[PDB]
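Shown next: coords-v9.cif, containing mmCIF, C-alpha atoms.
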```
data_input
loop_
_atom_site.group_PDB
_atom_site.id
_atom_site.type_symbol
_atom_site.label_atom_id
_atom_site.label_comp_id
_atom_site.auth_asym_id
_atom_site.auth_seq_id
_atom_site.Cartn_x
_atom_site.Cartn_y
_atom_site.Cartn_z
ATOM 1 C CA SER A 1 21.274 20.652 -68.189
ATOM 2 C CA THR A 2 19.668 22.941 -70.728
ATOM 3 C CA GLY A 3 19.647 26.600 -71.694
ATOM 4 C CA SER A 4 17.169 28.815 -73.536
ATOM 5 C CA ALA A 5 17.798 32.408 -74.647
ATOM 6 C CA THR A 6 15.907 34.845 -76.795
ATOM 7 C CA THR A 7 17.665 36.227 -79.856
ATOM 8 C CA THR A 8 16.612 39.637 -81.204
ATOM 9 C CA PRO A 9 17.189 41.303 -84.597
ATOM 10 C CA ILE A 10 19.601 44.257 -84.399
ATOM 11 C CA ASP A 11 17.570 46.337 -86.852
ATOM 12 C CA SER A 12 14.443 46.443 -89.012
ATOM 13 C CA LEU A 13 16.060 44.313 -91.741
ATOM 14 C CA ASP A 14 17.217 41.384 -89.590
ATOM 15 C CA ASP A 15 20.827 42.157 -90.556
ATOM 16 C CA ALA A 16 21.944 40.088 -87.555
ATOM 17 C CA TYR A 17 20.607 38.786 -84.254
ATOM 18 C CA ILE A 18 21.903 39.392 -80.733
ATOM 19 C CA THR A 19 21.557 37.134 -77.717
ATOM 20 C CA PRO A 20 22.383 38.168 -74.130
ATOM 21 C CA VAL A 21 25.316 36.281 -72.576
ATOM 22 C CA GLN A 22 26.488 36.465 -68.956
ATOM 23 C CA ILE A 23 30.280 36.583 -68.535
ATOM 24 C CA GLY A 24 32.202 36.623 -65.274
ATOM 25 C CA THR A 25 31.430 37.085 -61.590
ATOM 26 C CA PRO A 26 29.445 39.178 -60.882
ATOM 27 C CA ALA A 27 27.816 38.717 -64.289
ATOM 28 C CA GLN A 28 28.624 41.137 -67.080
ATOM 29 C CA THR A 29 25.888 40.823 -69.724
ATOM 30 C CA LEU A 30 26.994 41.363 -73.310
ATOM 31 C CA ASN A 31 24.842 40.988 -76.420
ATOM 32 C CA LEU A 32 26.623 38.565 -78.738
ATOM 33 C CA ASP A 33 26.082 37.480 -82.324
ATOM 34 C CA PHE A 34 25.698 33.672 -82.234
ATOM 35 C CA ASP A 35 27.560 32.459 -85.310
ATOM 36 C CA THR A 36 27.322 28.856 -86.512
ATOM 37 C CA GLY A 37 29.909 29.787 -89.179
ATOM 38 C CA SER A 38 32.814 30.457 -86.788
ATOM 39 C CA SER A 39 34.295 29.065 -83.599
ATOM 40 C CA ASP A 40 35.623 31.955 -81.477
ATOM 41 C CA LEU A 41 33.821 33.585 -78.558
ATOM 42 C CA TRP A 42 35.245 37.105 -78.612
ATOM 43 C CA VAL A 43 34.132 40.325 -76.971
ATOM 44 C CA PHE A 44 34.674 44.030 -76.917
ATOM 45 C CA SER A 45 36.592 44.632 -73.715
ATOM 46 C CA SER A 46 38.489 47.034 -71.460
ATOM 47 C CA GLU A 47 41.491 46.106 -73.643
ATOM 48 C CA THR A 48 39.932 47.179 -76.948
ATOM 49 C CA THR A 49 41.650 50.174 -78.572
ATOM 50 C CA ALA A 50 39.531 53.095 -77.354
ATOM 51 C CA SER A 51 39.010 54.685 -80.781
ATOM 52 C CA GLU A 52 37.562 51.361 -82.000
ATOM 53 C CA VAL A 53 34.790 51.260 -79.378
ATOM 54 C CA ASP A 54 31.624 53.212 -80.185
ATOM 55 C CA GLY A 55 28.703 52.321 -77.949
ATOM 56 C CA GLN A 56 29.351 48.614 -77.349
ATOM 57 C CA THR A 57 29.159 47.106 -73.889
ATOM 58 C CA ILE A 58 32.593 45.890 -72.842
ATOM 59 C CA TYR A 59 33.832 42.951 -70.787
ATOM 60 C CA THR A 60 36.244 44.038 -68.054
ATOM 61 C CA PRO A 61 38.107 40.955 -66.840
ATOM 62 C CA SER A 62 39.695 42.817 -63.899
ATOM 63 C CA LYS A 63 36.177 43.189 -62.435
ATOM 64 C CA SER A 64 35.474 39.447 -62.620
ATOM 65 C CA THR A 65 36.602 37.346 -59.667
ATOM 66 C CA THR A 66 36.536 34.213 -61.859
ATOM 67 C CA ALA A 67 38.550 35.634 -64.795
ATOM 68 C CA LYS A 68 42.021 34.226 -65.375
ATOM 69 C CA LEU A 69 44.478 35.257 -68.079
ATOM 70 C CA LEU A 70 45.172 32.325 -70.402
ATOM 71 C CA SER A 71 48.859 33.056 -70.392
ATOM 72 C CA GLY A 72 50.513 33.439 -73.783
ATOM 73 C CA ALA A 73 47.334 32.823 -75.763
ATOM 74 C CA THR A 74 46.410 35.113 -78.650
ATOM 75 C CA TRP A 75 43.747 35.034 -81.337
ATOM 76 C CA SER A 76 43.143 36.634 -84.710
ATOM 77 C CA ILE A 77 40.209 36.076 -87.027
ATOM 78 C CA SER A 78 39.161 37.231 -90.461
ATOM 79 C CA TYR A 79 35.579 36.720 -91.585
ATOM 80 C CA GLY A 80 34.146 36.136 -95.049
ATOM 81 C CA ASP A 81 32.862 39.705 -95.260
ATOM 82 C CA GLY A 82 36.389 41.056 -94.799
ATOM 83 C CA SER A 83 35.939 42.057 -91.171
ATOM 84 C CA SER A 84 38.441 41.049 -88.492
ATOM 85 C CA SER A 85 39.447 41.217 -84.852
ATOM 86 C CA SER A 86 42.273 40.034 -82.613
ATOM 87 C CA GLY A 87 43.532 40.042 -79.055
ATOM 88 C CA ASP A 88 44.358 37.933 -76.022
ATOM 89 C CA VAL A 89 42.394 35.395 -73.969
ATOM 90 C CA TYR A 90 40.882 34.901 -70.535
ATOM 91 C CA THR A 91 39.024 31.957 -69.133
ATOM 92 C CA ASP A 92 35.845 32.796 -67.236
ATOM 93 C CA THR A 93 32.352 31.588 -66.419
ATOM 94 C CA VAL A 94 29.907 32.030 -69.285
ATOM 95 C CA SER A 95 26.161 31.467 -69.110
ATOM 96 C CA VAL A 96 23.573 31.447 -71.886
ATOM 97 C CA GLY A 97 19.908 31.255 -71.038
ATOM 98 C CA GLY A 98 20.611 29.551 -67.708
ATOM 99 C CA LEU A 99 23.255 27.111 -69.015
ATOM 100 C CA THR A 100 26.665 27.692 -67.411
ATOM 101 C CA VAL A 101 30.141 26.741 -68.612
ATOM 102 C CA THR A 102 33.097 27.294 -66.308
ATOM 103 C CA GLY A 103 36.552 27.797 -67.792
ATOM 104 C CA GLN A 104 35.250 29.045 -71.149
ATOM 105 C CA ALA A 105 37.815 30.806 -73.324
ATOM 106 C CA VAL A 106 36.696 34.424 -73.639
ATOM 107 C CA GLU A 107 38.730 36.114 -76.344
ATOM 108 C CA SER A 108 39.268 39.759 -75.455
ATOM 109 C CA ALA A 109 39.594 42.088 -78.447
ATOM 110 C CA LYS A 110 42.530 44.448 -78.561
ATOM 111 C CA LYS A 111 41.676 45.433 -82.144
ATOM 112 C CA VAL A 112 38.499 45.254 -84.224
ATOM 113 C CA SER A 113 37.885 46.341 -87.803
ATOM 114 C CA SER A 114 35.645 49.240 -88.748
ATOM 115 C CA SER A 115 32.536 47.147 -89.427
ATOM 116 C CA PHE A 116 32.545 45.992 -85.804
ATOM 117 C CA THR A 117 33.158 49.471 -84.378
ATOM 118 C CA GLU A 118 30.344 50.869 -86.491
ATOM 119 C CA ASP A 119 27.835 48.352 -85.167
ATOM 120 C CA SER A 120 27.051 49.559 -81.670
ATOM 121 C CA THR A 121 24.515 46.766 -81.087
ATOM 122 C CA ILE A 122 26.939 43.807 -81.311
ATOM 123 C CA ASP A 123 29.250 43.370 -78.315
ATOM 124 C CA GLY A 124 31.055 40.346 -79.790
ATOM 125 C CA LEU A 125 30.543 36.933 -81.358
ATOM 126 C CA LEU A 126 29.808 33.504 -79.928
ATOM 127 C CA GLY A 127 31.014 30.862 -82.367
ATOM 128 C CA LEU A 128 29.037 27.647 -82.780
ATOM 129 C CA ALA A 129 30.870 25.948 -85.666
ATOM 130 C CA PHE A 130 33.311 23.118 -84.899
ATOM 131 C CA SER A 131 36.181 23.805 -82.514
ATOM 132 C CA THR A 132 38.713 22.863 -85.205
ATOM 133 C CA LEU A 133 38.182 26.400 -86.595
ATOM 134 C CA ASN A 134 39.001 28.145 -83.317
ATOM 135 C CA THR A 135 41.858 30.622 -83.848
ATOM 136 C CA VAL A 136 43.475 30.685 -80.389
ATOM 137 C CA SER A 137 47.218 30.030 -80.512
ATOM 138 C CA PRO A 138 49.265 28.168 -79.402
ATOM 139 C CA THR A 139 46.548 26.127 -77.660
ATOM 140 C CA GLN A 140 43.301 25.915 -79.635
ATOM 141 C CA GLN A 141 40.169 26.421 -77.528
ATOM 142 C CA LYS A 142 36.709 24.851 -77.506
ATOM 143 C CA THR A 143 33.434 26.552 -78.310
ATOM 144 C CA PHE A 144 30.776 27.186 -75.701
ATOM 145 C CA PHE A 145 28.713 24.332 -77.186
ATOM 146 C CA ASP A 146 31.653 21.912 -77.195
ATOM 147 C CA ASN A 147 32.366 22.714 -73.539
ATOM 148 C CA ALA A 148 28.682 22.404 -72.541
ATOM 149 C CA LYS A 149 27.982 19.266 -74.571
ATOM 150 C CA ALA A 150 28.697 16.541 -72.067
ATOM 151 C CA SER A 151 26.486 18.224 -69.451
ATOM 152 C CA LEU A 152 23.563 18.811 -71.793
ATOM 153 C CA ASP A 153 20.517 16.537 -71.642
ATOM 154 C CA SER A 154 21.053 15.942 -75.386
ATOM 155 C CA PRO A 155 24.125 17.097 -77.364
ATOM 156 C CA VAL A 156 22.211 19.585 -79.519
ATOM 157 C CA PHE A 157 21.354 23.210 -79.933
ATOM 158 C CA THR A 158 18.537 24.715 -81.988
ATOM 159 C CA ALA A 159 18.142 27.979 -83.884
ATOM 160 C CA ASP A 160 14.660 29.425 -84.254
ATOM 161 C CA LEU A 161 15.222 32.834 -85.814
ATOM 162 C CA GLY A 162 12.353 35.254 -86.281
ATOM 163 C CA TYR A 163 11.356 37.253 -89.329
ATOM 164 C CA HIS A 164 11.386 40.868 -88.134
ATOM 165 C CA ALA A 165 10.787 39.454 -84.636
ATOM 166 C CA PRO A 166 12.658 37.791 -81.781
ATOM 167 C CA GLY A 167 13.400 34.083 -81.762
ATOM 168 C CA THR A 168 15.179 31.498 -79.626
ATOM 169 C CA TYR A 169 18.415 29.570 -79.206
ATOM 170 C CA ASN A 170 17.975 26.420 -77.104
ATOM 171 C CA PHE A 171 20.756 24.205 -75.800
ATOM 172 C CA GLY A 172 20.297 20.576 -74.802
ATOM 173 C CA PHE A 173 16.698 19.936 -75.859
ATOM 174 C CA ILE A 174 14.347 20.097 -78.815
ATOM 175 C CA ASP A 175 11.196 22.158 -78.146
ATOM 176 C CA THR A 176 8.533 20.081 -79.866
ATOM 177 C CA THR A 177 6.069 23.014 -79.628
ATOM 178 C CA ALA A 178 8.305 25.272 -81.742
ATOM 179 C CA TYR A 179 7.747 23.687 -85.165
ATOM 180 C CA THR A 180 5.069 22.099 -87.310
ATOM 181 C CA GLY A 181 5.171 18.639 -88.867
ATOM 182 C CA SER A 182 8.344 16.590 -88.508
ATOM 183 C CA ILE A 183 12.047 17.434 -88.428
ATOM 184 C CA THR A 184 14.002 16.121 -91.414
ATOM 185 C CA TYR A 185 17.602 15.278 -90.585
ATOM 186 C CA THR A 186 20.400 15.389 -93.130
ATOM 187 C CA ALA A 187 24.088 14.445 -93.094
ATOM 188 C CA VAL A 188 26.821 16.899 -92.103
ATOM 189 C CA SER A 189 30.434 17.029 -93.219
ATOM 190 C CA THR A 190 32.765 18.561 -90.651
ATOM 191 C CA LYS A 191 35.775 18.455 -92.989
ATOM 192 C CA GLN A 192 35.892 22.251 -93.351
ATOM 193 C CA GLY A 193 34.832 22.878 -89.727
ATOM 194 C CA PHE A 194 31.340 24.041 -90.698
ATOM 195 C CA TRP A 195 27.808 22.667 -90.422
ATOM 196 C CA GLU A 196 28.089 21.664 -94.070
ATOM 197 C CA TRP A 197 25.265 19.749 -95.730
ATOM 198 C CA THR A 198 23.729 19.110 -99.165
ATOM 199 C CA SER A 199 20.354 20.503 -100.121
ATOM 200 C CA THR A 200 18.397 18.362 -102.578
ATOM 201 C CA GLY A 201 17.185 21.229 -104.788
ATOM 202 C CA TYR A 202 15.036 24.305 -105.124
ATOM 203 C CA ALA A 203 11.913 25.903 -106.555
ATOM 204 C CA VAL A 204 11.078 29.508 -107.383
ATOM 205 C CA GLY A 205 7.599 30.646 -106.393
ATOM 206 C CA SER A 206 4.965 28.171 -107.544
ATOM 207 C CA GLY A 207 7.388 26.661 -110.065
ATOM 208 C CA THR A 208 8.410 23.059 -110.330
ATOM 209 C CA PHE A 209 11.070 21.717 -108.004
ATOM 210 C CA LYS A 210 14.507 21.243 -109.539
ATOM 211 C CA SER A 211 16.324 18.250 -108.069
ATOM 212 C CA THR A 212 19.984 19.173 -107.793
ATOM 213 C CA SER A 213 22.604 18.808 -105.063
ATOM 214 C CA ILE A 214 23.657 22.079 -103.448
ATOM 215 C CA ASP A 215 26.452 21.783 -100.896
ATOM 216 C CA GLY A 216 26.492 24.614 -98.390
ATOM 217 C CA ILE A 217 26.780 25.674 -94.770
ATOM 218 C CA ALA A 218 24.149 26.512 -92.175
ATOM 219 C CA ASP A 219 25.446 29.889 -90.977
ATOM 220 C CA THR A 220 23.495 31.990 -88.480
ATOM 221 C CA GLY A 221 26.194 34.673 -88.685
ATOM 222 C CA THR A 222 25.563 35.418 -92.380
ATOM 223 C CA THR A 223 22.574 37.618 -93.189
ATOM 224 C CA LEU A 224 21.687 36.438 -96.684
ATOM 225 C CA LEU A 225 21.253 33.267 -98.740
ATOM 226 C CA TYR A 226 24.211 32.736 -101.102
ATOM 227 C CA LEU A 227 23.680 30.117 -103.814
ATOM 228 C CA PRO A 228 25.154 29.190 -107.211
ATOM 229 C CA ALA A 229 24.795 31.791 -109.942
ATOM 230 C CA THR A 230 22.504 29.526 -111.980
ATOM 231 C CA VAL A 231 20.020 29.192 -109.099
ATOM 232 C CA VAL A 232 20.138 32.890 -108.243
ATOM 233 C CA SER A 233 19.608 33.942 -111.866
ATOM 234 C CA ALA A 234 16.582 31.637 -112.105
ATOM 235 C CA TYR A 235 15.109 33.304 -109.009
ATOM 236 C CA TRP A 236 15.636 36.935 -110.053
ATOM 237 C CA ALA A 237 14.451 36.261 -113.600
ATOM 238 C CA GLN A 238 10.973 35.968 -112.055
ATOM 239 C CA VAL A 239 11.091 39.558 -110.732
ATOM 240 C CA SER A 240 10.427 42.245 -113.358
ATOM 241 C CA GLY A 241 13.256 44.751 -113.443
ATOM 242 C CA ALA A 242 15.626 42.800 -111.206
ATOM 243 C CA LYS A 243 19.280 42.873 -112.206
ATOM 244 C CA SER A 244 22.741 42.269 -110.866
ATOM 245 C CA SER A 245 24.487 45.528 -110.114
ATOM 246 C CA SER A 246 28.272 45.519 -109.856
ATOM 247 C CA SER A 247 28.166 49.035 -108.359
ATOM 248 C CA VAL A 248 25.790 48.023 -105.566
ATOM 249 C CA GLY A 249 27.337 44.578 -105.099
ATOM 250 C CA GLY A 250 24.571 42.160 -105.995
ATOM 251 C CA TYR A 251 21.058 41.696 -107.263
ATOM 252 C CA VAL A 252 18.698 44.612 -106.821
ATOM 253 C CA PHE A 253 15.036 44.852 -107.695
ATOM 254 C CA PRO A 254 12.350 47.524 -107.940
ATOM 255 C CA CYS A 255 10.979 48.305 -104.493
ATOM 256 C CA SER A 256 7.505 48.175 -106.110
ATOM 257 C CA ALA A 257 7.876 44.435 -106.768
ATOM 258 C CA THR A 258 6.155 41.559 -105.032
ATOM 259 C CA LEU A 259 8.824 38.883 -104.552
ATOM 260 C CA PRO A 260 8.182 35.176 -105.151
ATOM 261 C CA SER A 261 8.963 32.611 -102.484
ATOM 262 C CA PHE A 262 12.019 30.366 -102.681
ATOM 263 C CA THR A 263 11.922 26.710 -101.672
ATOM 264 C CA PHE A 264 14.931 24.592 -100.745
ATOM 265 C CA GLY A 265 15.066 20.844 -100.294
ATOM 266 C CA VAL A 266 16.129 18.961 -97.188
ATOM 267 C CA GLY A 267 16.010 15.322 -98.197
ATOM 268 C CA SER A 268 12.475 14.738 -99.443
ATOM 269 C CA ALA A 269 11.217 17.684 -97.349
ATOM 270 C CA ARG A 270 10.843 21.304 -98.436
ATOM 271 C CA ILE A 271 11.417 24.602 -96.616
ATOM 272 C CA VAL A 272 9.616 27.595 -98.100
ATOM 273 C CA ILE A 273 11.138 31.066 -97.707
ATOM 274 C CA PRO A 274 8.329 33.614 -98.183
ATOM 275 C CA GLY A 275 9.051 36.361 -100.694
ATOM 276 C CA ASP A 276 8.982 39.065 -98.026
ATOM 277 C CA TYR A 277 11.986 37.435 -96.311
ATOM 278 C CA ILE A 278 14.012 38.162 -99.467
ATOM 279 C CA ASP A 279 13.447 41.955 -99.278
ATOM 280 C CA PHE A 280 16.347 43.884 -97.720
ATOM 281 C CA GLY A 281 14.917 47.274 -98.537
ATOM 282 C CA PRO A 282 16.243 50.373 -100.284
ATOM 283 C CA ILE A 283 19.919 50.322 -101.209
ATOM 284 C CA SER A 284 20.165 53.829 -99.691
ATOM 285 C CA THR A 285 17.576 55.908 -97.865
ATOM 286 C CA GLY A 286 14.784 56.957 -100.210
ATOM 287 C CA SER A 287 15.916 54.796 -103.117
ATOM 288 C CA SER A 288 13.400 52.836 -105.176
ATOM 289 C CA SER A 289 16.029 50.151 -105.802
ATOM 290 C CA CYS A 290 15.863 47.410 -103.175
ATOM 291 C CA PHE A 291 18.560 44.902 -102.207
ATOM 292 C CA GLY A 292 17.861 41.196 -102.670
ATOM 293 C CA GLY A 293 18.158 38.557 -99.992
ATOM 294 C CA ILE A 294 19.279 35.805 -102.370
ATOM 295 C CA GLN A 295 22.708 36.492 -103.870
ATOM 296 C CA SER A 296 25.341 34.601 -105.835
ATOM 297 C CA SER A 297 27.998 32.614 -104.000
ATOM 298 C CA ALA A 298 30.305 32.779 -107.029
ATOM 299 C CA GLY A 299 33.682 33.877 -105.741
ATOM 300 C CA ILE A 300 32.841 33.122 -102.095
ATOM 301 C CA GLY A 301 33.871 29.545 -102.706
ATOM 302 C CA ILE A 302 30.994 28.084 -100.687
ATOM 303 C CA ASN A 303 27.210 28.267 -100.661
ATOM 304 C CA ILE A 304 25.798 29.792 -97.485
ATOM 305 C CA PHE A 305 22.385 29.101 -95.981
ATOM 306 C CA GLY A 306 22.362 32.292 -93.917
ATOM 307 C CA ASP A 307 19.610 33.903 -91.902
ATOM 308 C CA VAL A 308 17.270 34.406 -94.890
ATOM 309 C CA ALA A 309 17.041 30.624 -95.223
ATOM 310 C CA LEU A 310 17.398 29.596 -91.582
ATOM 311 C CA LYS A 311 14.706 31.929 -90.246
ATOM 312 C CA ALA A 312 12.141 30.089 -92.405
ATOM 313 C CA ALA A 313 12.835 26.917 -90.384
ATOM 314 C CA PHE A 314 13.327 25.416 -86.961
ATOM 315 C CA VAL A 315 16.936 24.177 -87.227
ATOM 316 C CA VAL A 316 18.571 21.462 -85.124
ATOM 317 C CA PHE A 317 22.353 21.441 -84.839
ATOM 318 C CA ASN A 318 22.932 17.876 -83.661
ATOM 319 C CA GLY A 319 26.385 17.522 -82.154
ATOM 320 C CA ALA A 320 26.225 13.783 -81.552
ATOM 321 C CA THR A 321 29.338 11.744 -82.357
ATOM 322 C CA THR A 322 28.174 11.795 -85.981
ATOM 323 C CA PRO A 323 26.728 15.298 -86.343
ATOM 324 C CA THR A 324 23.610 16.010 -88.384
ATOM 325 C CA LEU A 325 21.338 18.948 -89.167
ATOM 326 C CA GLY A 326 17.565 18.931 -88.826
ATOM 327 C CA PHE A 327 15.061 21.255 -90.488
ATOM 328 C CA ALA A 328 11.347 21.662 -89.785
ATOM 329 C CA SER A 329 8.773 24.138 -91.017
ATOM 330 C CA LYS A 330 7.253 26.392 -88.363
#
```

Conversion result in structure tokens:
Amino acid sequence: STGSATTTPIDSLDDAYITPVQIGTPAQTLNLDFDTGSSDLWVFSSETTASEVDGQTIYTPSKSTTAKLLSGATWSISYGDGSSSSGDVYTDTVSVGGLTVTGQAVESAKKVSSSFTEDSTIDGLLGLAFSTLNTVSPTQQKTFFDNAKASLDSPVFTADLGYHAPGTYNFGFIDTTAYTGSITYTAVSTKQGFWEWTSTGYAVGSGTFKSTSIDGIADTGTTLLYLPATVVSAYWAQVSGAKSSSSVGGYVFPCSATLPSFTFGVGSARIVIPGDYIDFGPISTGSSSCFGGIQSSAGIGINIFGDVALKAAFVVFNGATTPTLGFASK
């Protein structure tokens, strides 16, 4: 089997992407944030504290003839950005882009933190990291991909995120029309439960490539590119007036600037992030200070190849017995 679904930016900055997901019988379609940095499929629901729901579409398990309470199971997750959610668990039929999994754990939120409530466009998350990170207790649950894997034509999914435009998540096949040149595959460590890999270096604009190993994670659920402070300083030093602002929470730059590209290495291959992808616009409406899309990972504890990086590439998440990651230009 295969599946193919379009993913759409939630706003004009590409802060996140939503993908329609069918849950239950008859189908209830919710728009979920596909997150290769976590492993829980959770949704706003009829059980979510009413004051914490503001415009989201909810899953109502009592209206699904295939929903079953997973008795005694609870979940609770905290994300890197400080957001969180928790609740109980149903199993139900879940379909993405025509690919159907029966008996998928659907984690129903009883509580969500303010960041989730405030984002009316995101109805929940669909985790695509390794199932070892799943938070359901006392019986850990599998991700949608893990459950689908054996049925898929090939045990892979691909992320093809758009820059200020829709893109595609495919399951079970590689669309050879969706990228240019060849796909370069690179080793993955699953030791921390992430799609963790080692970039071979970087360049700023038309500058020379610096060969250096940068361990990090491919994370579709993180907006920006978070890299070591040395790398980030070298980038922003090429933008007149750019500076790190503790009050704003990162590097800012004059909105009048033209940003240089940023290149990262994948083996001997190179992925080029155009400068425009690094512009996250005014820090507040009407400001002439703009927020940068490359930020320091210092104090995160891990480097994160988030959407800024991933949307410059066609990315293969290869879930074969020995997983790997592939990157192609597009």

Expected selection from the PyMOL selection byres ((chain A and resi 167) around 7), given as an NGL selection string: :A and (6-8 or 160-162 or 165-166 or 168)

Given only C-alpha atoms as the counted atoms, nearest of A:146, A:40, A:123, A:92 to residue 78 of chain A: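 Nearest candidate to residue 78 of chain A out of A:146, A:40, A:123, A:92: A:40.
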
Residue contacts of residue 96 of chain A (7 Å, all atoms listed in the file) excluding same-chain residues fewer than 3 positions away, as an MDAnalysis selection string: chainID A and resid 3 5 21:22 99:100

Nearest to residue 10 of chain A by atom-to-atom distance, counting only C-alpha atoms, from A:75, A:277, A:91, A:120: A:120

A:117, A:111, A:95, A:4 ranked by distance to residue 53 of chain A, top pick (using all atoms listed in the file):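 The shortest atom-to-atom distance to residue 53 of chain A comes from A:117.
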
Residue nearest residue 131 of chain A - candidates A:176, A:184, A:190, A:114, atoms counted: all atoms listed in the file: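 When distances to residue 131 of chain A are compared using all atoms listed in the file, the smallest one comes from A:190.
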
Closest of A:80, A:319, A:87, A:281 to residue 301 of chain A - atom-to-atom distances counting only C-alpha atoms: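 Selected residue with least distance to residue 301 of chain A: A:80.
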
The PyMOL selection byres ((chain A and resi 44) around 6) applied to the shown file, residues as a list in words: residues 43, 45, 58, 109, 123 and 124 of chain A

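Nearest residue to residue 32 of chain A among A:115, A:2, A:57, A:74 is A:57, counting all atoms listed in the file.
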
Produce a table with one row for each residue of segment 172-233 of chain A that has an atom at most 6 Å from any atom of segment 263-275 of chain A, each row naming the nearest atom pair and its distance in Å at one decimal; use only C-alpha atoms; arrange rows by chain and rising residue number; format as CSV.
```
residue,atom,partner,partner_atom,distance
A:199,CA,A:265,CA,5.3
A:200,CA,A:265,CA,4.7
A:201,CA,A:265,CA,5.0
A:202,CA,A:264,CA,4.4
A:203,CA,A:263,CA,4.9
```

Selection result of the PyMOL selection byres ((chain A and resi 299) around 12) on this file, as a compact mmCIF listing (two decimals) with C-alpha atoms, in the frame of the given file:
```
# COMPACT_ATOMS: atom_id res chain seq x y z
CA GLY A 80 34.15 36.14 -95.05
CA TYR A 226 24.21 32.74 -101.10
CA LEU A 227 23.68 30.12 -103.81
CA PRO A 228 25.15 29.19 -107.21
CA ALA A 229 24.80 31.79 -109.94
CA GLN A 295 22.71 36.49 -103.87
CA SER A 296 25.34 34.60 -105.84
CA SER A 297 28.00 32.61 -104.00
CA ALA A 298 30.30 32.78 -107.03
CA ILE A 300 32.84 33.12 -102.10
CA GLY A 301 33.87 29.54 -102.71
CA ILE A 302 30.99 28.08 -100.69
CA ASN A 303 27.21 28.27 -100.66
```

Spatial sel., origin (17.2, 21.7, -81.3), limit 8 Å, only C-alpha atoms, listed as a count of residues only: 15

Within 12 Å of residue 238 of chain A using only C-alpha atoms, minus same-chain residues under 5 positions, as an MDAnalysis selection string: chainID A and resid 203:207 231:233 243 253 257:262 275

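The interatomic distance for the pair atom CA of residue 25 of chain A and atom CA of residue 122 of chain A works out to 21.3 Å.
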
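The coordinates place atom CA of residue 94 of chain A at 28.6 Å from atom CA of residue 304 of chain A.
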
Atom CA of residue 64 of chain A to atom CA of residue 104 of chain A, straight-line distance in Å: 13.5 Å

Keeping just C-alpha atoms, export segment 219-235 of chain A of this structure as a PDB file, in the first residue's frame.
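Written out: part37.pdb:
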```pdb
ATOM      1  CA  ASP A 219      12.435  17.484  12.717  1.00  0.00           C
ATOM      2  CA  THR A 220       9.415  18.522  10.654  1.00  0.00           C
ATOM      3  CA  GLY A 221       7.710  19.750  13.834  1.00  0.00           C
ATOM      4  CA  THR A 222      10.312  22.467  14.510  1.00  0.00           C
ATOM      5  CA  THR A 223      10.004  25.665  12.483  1.00  0.00           C
ATOM      6  CA  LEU A 224      13.600  26.872  12.421  1.00  0.00           C
ATOM      7  CA  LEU A 225      17.156  25.626  11.896  1.00  0.00           C
ATOM      8  CA  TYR A 226      19.037  25.379  15.214  1.00  0.00           C
ATOM      9  CA  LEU A 227      22.807  24.936  14.920  1.00  0.00           C
ATOM     10  CA  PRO A 228      25.915  25.446  17.076  1.00  0.00           C
ATOM     11  CA  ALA A 229      26.625  29.010  18.147  1.00  0.00           C
ATOM     12  CA  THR A 230      29.841  29.123  16.103  1.00  0.00           C
ATOM     13  CA  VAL A 231      27.997  28.260  12.872  1.00  0.00           C
ATOM     14  CA  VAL A 232      25.132  30.650  13.579  1.00  0.00           C
ATOM     15  CA  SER A 233      27.485  33.533  14.398  1.00  0.00           C
ATOM     16  CA  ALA A 234      29.360  32.945  11.133  1.00  0.00           C
ATOM     17  CA  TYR A 235      26.061  33.165   9.237  1.00  0.00           C
TER      18      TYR A 235
END
```
